[PDB]
Amino acid sequence: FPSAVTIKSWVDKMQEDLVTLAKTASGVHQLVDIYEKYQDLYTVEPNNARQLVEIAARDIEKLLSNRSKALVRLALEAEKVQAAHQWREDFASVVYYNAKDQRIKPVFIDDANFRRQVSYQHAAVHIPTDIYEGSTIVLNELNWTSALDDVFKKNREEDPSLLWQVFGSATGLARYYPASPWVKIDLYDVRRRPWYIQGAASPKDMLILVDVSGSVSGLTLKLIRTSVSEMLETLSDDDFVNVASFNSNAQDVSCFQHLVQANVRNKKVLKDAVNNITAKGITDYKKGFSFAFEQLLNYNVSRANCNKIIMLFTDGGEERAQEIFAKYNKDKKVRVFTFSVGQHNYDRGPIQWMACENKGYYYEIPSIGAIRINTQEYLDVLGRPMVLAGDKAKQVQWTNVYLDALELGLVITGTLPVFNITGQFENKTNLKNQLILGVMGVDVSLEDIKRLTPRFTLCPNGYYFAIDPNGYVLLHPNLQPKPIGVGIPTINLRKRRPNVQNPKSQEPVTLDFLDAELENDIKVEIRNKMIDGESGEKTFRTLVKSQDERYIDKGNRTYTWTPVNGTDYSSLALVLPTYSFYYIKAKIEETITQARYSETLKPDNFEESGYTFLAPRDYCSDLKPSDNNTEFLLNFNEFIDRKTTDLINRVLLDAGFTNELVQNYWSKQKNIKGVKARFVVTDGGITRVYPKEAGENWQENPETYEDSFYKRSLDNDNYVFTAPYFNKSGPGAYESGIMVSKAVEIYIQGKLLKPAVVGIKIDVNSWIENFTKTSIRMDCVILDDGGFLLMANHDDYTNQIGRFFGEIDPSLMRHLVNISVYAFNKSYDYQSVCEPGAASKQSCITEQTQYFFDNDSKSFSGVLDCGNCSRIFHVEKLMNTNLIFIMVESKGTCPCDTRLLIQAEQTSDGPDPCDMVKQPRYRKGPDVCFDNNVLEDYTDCX
Ligand SMILES: *[C@@H]1O[C@H](CO)[C@@H](O[C@@H]2O[C@H](CO)[C@@H](O[C@@H]3O[C@H](CO)[C@@H](O)[C@H](O)[C@H]3NC(C)=O)[C@H](O)[C@H]2NC(C)=O)[C@H](O)[C@H]1NC(C)=O
Ligand SMILES: *[C@@H]1O[C@H](CO)[C@@H](O[C@@H]2O[C@H](CO)[C@@H](O[C@@H]3O[C@H](CO)[C@@H](O)[C@H](O)[C@@H]3O)[C@H](O)[C@H]2NC(C)=O)[C@H](O)[C@H]1NC(C)=O
Ligand SMILES: *[C@@H]1O[C@H](CO)[C@@H](O[C@@H]2O[C@H](CO)[C@@H](O[C@@H]3O[C@H](CO)[C@@H](O)[C@H](O)[C@@H]3O)[C@H](O)[C@H]2NC(C)=O)[C@H](O)[C@H]1NC(C)=O
Ligand SMILES: *[C@@H]1O[C@H](CO)[C@@H](O[C@@H]2O[C@H](CO)[C@@H](O)[C@H](O)[C@H]2NC(C)=O)[C@H](O)[C@H]1NC(C)=O
Ligand SMILES: *[C@@H]1O[C@H](CO)[C@@H](O[C@@H]2O[C@H](CO)[C@@H](O)[C@H](O)[C@H]2NC(C)=O)[C@H](O)[C@H]1NC(C)=O
Ligand SMILES: *[C@@H]1O[C@H](CO)[C@@H](O[C@@H]2O[C@H](CO)[C@@H](O)[C@H](O)[C@H]2NC(C)=O)[C@H](O)[C@H]1NC(C)=O
Ligand SMILES: *[C@@H]1O[C@H](CO)[C@@H](O[C@@H]2O[C@H](CO)[C@@H](O)[C@H](O)[C@H]2NC(C)=O)[C@H](O)[C@H]1NC(C)=O
Ligand SMILES: *[C@@H]1O[C@H](CO)[C@@H](O)[C@H](O)[C@H]1NC(C)=O
Ligand SMILES: *[C@@H]1O[C@H](CO)[C@@H](O)[C@H](O)[C@H]1NC(C)=O
Ligand SMILES: *[C@@H]1O[C@H](CO)[C@@H](O)[C@H](O)[C@H]1NC(C)=O
Ligand SMILES: *[C@@H]1O[C@H](CO)[C@@H](O)[C@H](O)[C@H]1NC(C)=O
Ligand SMILES: *[C@@H]1O[C@H](CO)[C@@H](O)[C@H](O)[C@H]1NC(C)=O
Ligand SMILES: *[C@@H]1O[C@H](CO)[C@@H](O)[C@H](O)[C@H]1NC(C)=O
Ligand SMILES: *[C@@H]1O[C@H](CO)[C@@H](O)[C@H](O)[C@H]1NC(C)=O
Ligand SMILES: [Ca+2]
């Protein structure tokens with residue numbers, strides 16, 4: 001039973017230790033004087049936030065205008081060549097490429113924009129392996145499409161760095177220049193690609209009715225459970241659905257009861273509802289359709305207000321529901337596509353009738369295999385209103401982000417339909433002009449937009465970002481490839497085969513603005529203002545998740561936004577802290593001075609300067625080191641010695657200042673008693689570790705803007721203690737020790753600049769030795785921001801260093817959150833890969849529970865009562881630093897091993913989507929839309 005004055009005097013002894021050891025060993029107060037002394041070699045220039053945003057909006061506008069324009073050239077030529085064709089029937093005269101293996105076998109160049117072998121002299125062709133022998137529908141369309149060869153080749157010379165041009169086509173071919181070898185079974189139908197089903201129709205309020213009566217059971221039900229799952233893959237993220245069965249009565253076997261958004265997530269609820277359909281009852285078709293036309297009302301919701309589709313997966317029946325379409329379809333504004341599946345011997349008579357009265361189109365499905373071809377030809381009917389406005393339907397329609405099939409990265413496509421002009425201005429009988437040919441696509445990699453958005457003048461905390469009218473993400477730096485979505489991934493191994501590659505999931509990567517950052521009632525008000533807003537900034541105190549999900553910091557974010565002045569399929573946001581409005585412009589003028597700076601950077605001097613490491617960056621002719629930063633550093637010296645424009649000027653100025661911490665403050669100390677290894681990480685990407693012997697175990701990412709502790713120490717105005725991983729793979733441990741950090745504030749003529757982070761990596765053993773000799777002059781735990789053990793007595797805990805305290809003594813920690821200090825948050829990360837459960841690596845949703853300090857008052861006294869043992873806590877925060885000191889009495893007396901508070905990530909389901917739809921997230925759909933011309937002429941279907 002200790003006493004509070006004696007404890008607080010003893011905490012203030014450990015406070016004055018770790019602070020004074022930090023100020024002496026790190027050259028923090030010495031390095032400011034280095035930055036103060038050289039008042040020259042600067043002109044500190046502002047960022048201005050705004051002026052950055054309007055300039056970077058004009059380049060993202062011109063990039064989508066430069067490539068977009070090319071689309072018009074491919075659409076104008078493709079149609080021109082299509083008029084003069086004359087339909088050859090025999091083919092004894094053609095020579096294309098067939099990229100899956102007369103034909104061509106050309107030369108290949110290893111090229112680096114494509115990261116792959118390209119040709120530049122031919123287009124390649126992908127004919128899906130369901131189709132082909134020479135069948136003169138395919139073979140004739142290789143004829144006129146060969147003309148687009150000159151115009152594909154034209155646009156590389158007009159503007160380089162174009163990625164894949166592509167003409168998709170309604171018969172399934174793809175010509176794409178540059179020609180390249182296509183990447184056991186290759187499924188890949190181009191007509192079901194999100195970039196085709198997007199610019200091939202207008203958005204869609206679908207409603208799927210599924211006959212679940214007693215007559216569908218058997219084969220013809222199993223084809224409906226497959227075909228709805230193959231139907232819903234043809235929906236973009238502007239399209240809405242619902243799935244409704246009918247039988248005796250009617251019901252929306254989905255758990256939604258109205259129309260939903262057809263996200264990645266909301267389509268998964270439907271694929272578990274459809275796969276648990278039972279089959280029993282009596283068909284009636286009158287309680288069914290009258291439930292279908294009510295759902296396509298409900299204006300209450302927030303539908304898209306466009307092509308209304310009722311799709312029908314019945315088997316058969318003798319019921320023309322004539323009393324219903326006269327009730328609801330007098331104005332003929334609901335297209336009804338009807339499918340009739342399986343090999344039932346029923347009456348297909350009425351089902352053909354329902355679709356040819358209601359501008360529909362009857363389809364038929366014999367078996368599995370016809371499912372992929374039939375449920376995509378339903379978009380040729382929806383293109384019928386678009387072709388009748390061919391002067392003004394050629395807008396450009398950009399697709400929201402998805403992974404390329406050729407292995408390029410995240411790419412965004414621009415699409416434009418190509419329509420059949422073969423009589424026009426002469427007009428003509430005009431027989432089948434009411435169908436499109438295909439869609440021209442032009443890719444942009446998001447790296448090419450990131451080339452436009454420089455992330456190296458703003459503090460590593462600052463970053464650009466961009467939101468598309470459905471409230472999803474182009475440039476938030478928390479995206480990364482790998483698909484996202486859905487929940488706990490159950491795979492049984494008791495069902496698979498020694499066979500097929502388990503297909504590649506054409507799903508797009510749609511991250512929500514509320515699920516990249518932390519959800520807050522201000523950032524909602526930002527997004528709903530940013531999604532259509534004209535201009536606005538807001539400065540506020542938020543929770544900022546740290547880059548590795550250990551920690552939560554609290555800082556001031558001043559961010560602003562503006563729309564793209566051209567297209568409206570994006571709007572940008574430059575994000576800046578309050579201490580990053582001013583940056584350092586390098587300005588070096590003597591040419592001897594920067595020559596001496598280059599001397600320092602050579603690897604010959606690591607005994608004198610130490611282990612210097614130089615972050616991978618951009619210039620003319622270099623690469624990305626695969627951990628061989630030594631190879632990058634030698635290549636970088638070859639850049640200087642050939643030189644004997646601002647990144648090259650900054651790093652040379654940065655090395656010259658981090659030199660004078662070594663040769664003037666660390667060379668005069670020479671292996672201090674304590675510490676373990678001094679380190680300096682700056683922006684400019686020069687991280688130096690002084691001794692170089694155990695500094696080879698510096699296991700951190702040398703790119704400083706991706707670096708996990710550099711960003712944290714800029715926010716806090718004091719010492720930050722990081723706690724290392726436990727086991728981690730390897731020796732970061734006792735062998736490594738724990739770290740200290742403090743950013744470096746600079747006082748130029750009334751301004752605030754924080755360029756550098758200076759740190760110490762504390763020896764674990766020597767700081768044990770003070771900690772126990774101070775106690776002779778009881779169960780003590782040093783515990784940081786986040787519940788991680790830094791050190792402790794009792795020596796069963798020192799085998800744990802860095803493990804979260806909830807897996808040590810949870811009864812303290814479940815208590816300690818319940819009395820404030822420390823609170824938490826729980827966010828979701830949609831892209832974390834984990835292992836599949838029970839019934840190798842794939843994507844899943846993980847929870848992330850991150851603990852952090854709440855109030856002030858660094859004195860928390862209180863008593864814990866579990867039962868029949870009680871014990872007394874004295875929780876004391878150390879001042880001017882990031883630490884809690886806890887005095888807990890006697891593990892010893894009887895335990896309470898109830899459970900564990902567990903950090904790290906746990907595989908979980910998402911939020912409840914049945915409740916998430918109720919009050920959904922504000923959004924705005926496009927404005928065009930095309931439906932119901934007077935002409936049309938519906939006399940096909942059949
Ligand atoms: C915990 O262990 C540390 C060793 O890793 C000890 O740190 C050293 O303590 C010395 C005295 O406490 C300091 O000496 C002082 O150094 C300054 C500048 O170097 C001189 O101006 C002072 O004259 C000198 N003191 C005297 C009496 O001459 C060491 O600088 C210091 N090491 C560092 C890196 O700061 C801690 O003392 C030890 N904790 C306790 C409570 O003993
Ligand atoms: C599609 O393929 C056909 C052939 O499979 C191409 O037709 C060919 O077109 C060229 C020029 O239009 C013809 O050349 C002509 O030759 C005659 C003599 O034979 C000459 O008098 C003309 O001055 C002209 O040079 C060629 O004969 C013709 N081939 C056939 C079999 O008729 C057509 O060009 C292809 N389409 C595209 C867009 O490339
Ligand atoms: C663009 O639309 C036009 C319609 O104006 C399409 O032209 C027609 O295409 C069909 C293809 O089935 C041709 O039918 C074929 O005619 C030959 C006679 O030479 C016959 O032997 C075949 O059995 C078949 O019936 C039709 O002739 C043709 N119309 C004309 C005036 O030539 C054209 O196909 C569309 N473009 C594309 C790429 O689909
Ligand atoms: C959405 O639809 C519901 C129907 O479920 C509407 O609720 C009806 O509102 C009228 C108002 O004229 C009342 O007379 C009815 O009694 C309501 N129905 C029920 C079952 O109570 C609702 O008004 C619609 N609009 C909104 C915004 O919710
Ligand atoms: C596109 O951006 C331009 C400027 O880049 C905007 O022009 C502004 O026009 C308003 C009034 O219409 C003026 O008050 C501003 O001074 C103009 N801005 C500039 C830069 O001078 C234009 O408004 C933008 N387009 C739209 C549709 O808002
Ligand atoms: C990264 O690249 C450098 C090349 O400069 C490697 O350094 C050489 O490594 C080999 C094998 O370990 C040694 O035999 C040489 O003596 C090293 N120096 C030179 C100048 O060749 C370094 O080992 C590479 N790192 C990794 C992890 O592969
Ligand atoms: C994330 O943590 C913040 C910590 O501030 C939570 O915000 C506080 O929540 C409590 C209880 O909900 C309120 O009493 C406080 O007034 C809130 N403070 C502020 C500034 O809003 C927030 O609720 C947490 N969010 C989640 C999803 O856990
Ligand atoms: C726009 O296109 C022209 C045409 O080649 C090109 O020179 C220019 O660099 C493009 N703009 C940008 C920002 O790349
Ligand atoms: C139907 O299947 C779904 C998905 O597995 C499940 O949630 C639901 O409980 C099932 N219903 C019945 C009656 O088995
Ligand atoms: C935001 O700025 C104010 C004024 O400069 C400062 O006092 C405050 O500490 C900052 N907020 C945080 C969370 O640090
Ligand atoms: C990780 O550390 C825990 C200590 O709780 C230990 O039980 C486990 O075996 C370690 N794993 C590896 C791979 O070393
Ligand atoms: C923990 O917090 C909850 C929520 O405020 C409260 O109901 C409960 O009483 C607290 N626990 C104790 C032991 O007071
Ligand atoms: C923060 O929590 C502690 C818990 O004891 C309390 O003493 C302190 O007053 C709280 N601060 C505020 C501002 O409520
Ligand atoms: C605590 O006391 C109860 C009776 O009040 C007794 O039955 C129980 O065994 C005791 N448990 C411990 C752990 O002391
Ligand atoms: Ca039936």
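Cβ placement follows ideal geometry from the backbone for every residue including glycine, while neighbour counts extend to all protein chains displayed. Every number in this text was worked out from the coordinates using simple rules, so none of it is lab data.
Ordering 87, 561 from the fewest to the most neighbouring beta carbons within 10 Å gives 87, 561. Could you pull out the pairs from 222/280; 587/742; 204/924; 204/332 whose alpha carbons sit more than 19 Å apart here? Violating the 19 Å Cα-Cα cut-off are 587/742. From the alpha carbon centroid of segment 758-804 to that of segment 857-908 is 15 Å.
Here the translational diffusion coefficient of segment 611-743 follows from Stokes-Einstein with Rh set to the Kirkwood radius across Cα pairs; for 25 °C and 0.890 mPa s it amounts to 150 µm²/s. Fraction of C-alpha pairs exceeding 17 angstrom in segment 481-605: 76 percent, rounded to a whole number. Cross-link reach is defined here as a Cα-Cα straight distance under 17 Å, omitting same-chain residues fewer than 8 places apart; for residue 394 the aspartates and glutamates meeting it are 77, 79, 380, 568, 927, 931. Largest first, the extents of the alpha carbon coordinates of segment 179-244 on the three principal axes equal 52, 33, 13 Å. With 28 Å as the limit, the listed pairs 668/711; 271/545; 754/877 have 668/711; 271/545 beyond it between alpha carbons.
Size descriptors for the chain: radius of gyration and Dmax over Cα atoms are 32.9, 106 Å. Averaging the sequence gap over all C-alpha pairs within less than 8 Å and six or more residues apart, then dividing by the number of residues, gives segment 126-183 a relative contact order of 39 percent. Based on a Kirkwood Rh over C-alpha pairs, give the Stokes-Einstein translational diffusion coefficient of segment 44-94 at 25 °C and viscosity 0.890 mPa s in µm²/s. It comes out at roughly 160 µm²/s. Taking a straight line from the alpha carbon of residue 330, these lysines sit under 18 Å away, with near neighbours fewer than eight places off in the same chain left out: 286, 308, 359. Calculated from the alpha-carbon coordinates, segment 864-922 shows an Rg and a Dmax of 20.3, 56 Å respectively. When a/c reaches 1.5 or more, the comparison of a/b and b/c decides; with that in mind, is segment 585-667 rounded, prolate or oblate per its Cα gyration tensor? In terms of gyration-tensor shape, oblate. Counting every pair of alpha carbons in segment 745-870, the share spaced more than 25 Å apart comes to 53 percent. Between the alpha-carbon centers of segment 450-468 and segment 571-639, tell me the distance in whole angstrom. Using only Cα atoms to place each centre, the spacing works out to 19 Å. Hydrodynamic radius of segment 1-99 by the Kirkwood approach over all distinct alpha-carbon pairs: 23.2 Å.
Put in line by how crowded their Cβ is, counting other Cβ atoms within 10 Å and starting with the fewest, 857, 832, 161 read 857, 161, 832. The amide H of residue 409, built 1.01 Å from its N in the peptide plane, has 404 as neighbours under 5 Å, considering only residues 5 or more places off or on other chains.
Per residue, the convex hull around the alpha carbon atoms of segment 403-514 comes to 234 Å³. The ranking of 665, 734 by Cβ neighbour count inside 10 Å, starting from the fewest, reads 734, 665. Quick note on segment 570-625: its Rg to Rh ratio, both from C-alpha atoms and Rh being the Kirkwood radius, is 1.10.
Rounded to the nearest Å, what's the spacing between the alpha carbon centres of segment 172-216 and segment 262-305? Just the number, please. So the two Cα centres are separated by 22 Å.
Taking a ≥ b ≥ c as the square roots of the Cα gyration tensor eigenvalues, segment 299-382 comes out oblate, since a/c reaches at least 1.5 and a/b does not exceed b/c.
Of all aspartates and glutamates in the structure, those lying under 17 Å Cα to Cα from residue 327, and not within fewer than 8 positions of it along the same chain, are 284, 294, 319, 357. Name the shape class, rounded, prolate or oblate, that the alpha-carbon gyration tensor gives for segment 71-203, where a ≥ b ≥ c are the square roots of its eigenvalues, rounded holds for a/c under 1.5, and otherwise prolate holds if a/b is larger than b/c and oblate otherwise. It is rounded, given that a/c, with a ≥ b ≥ c, falls under 1.5.
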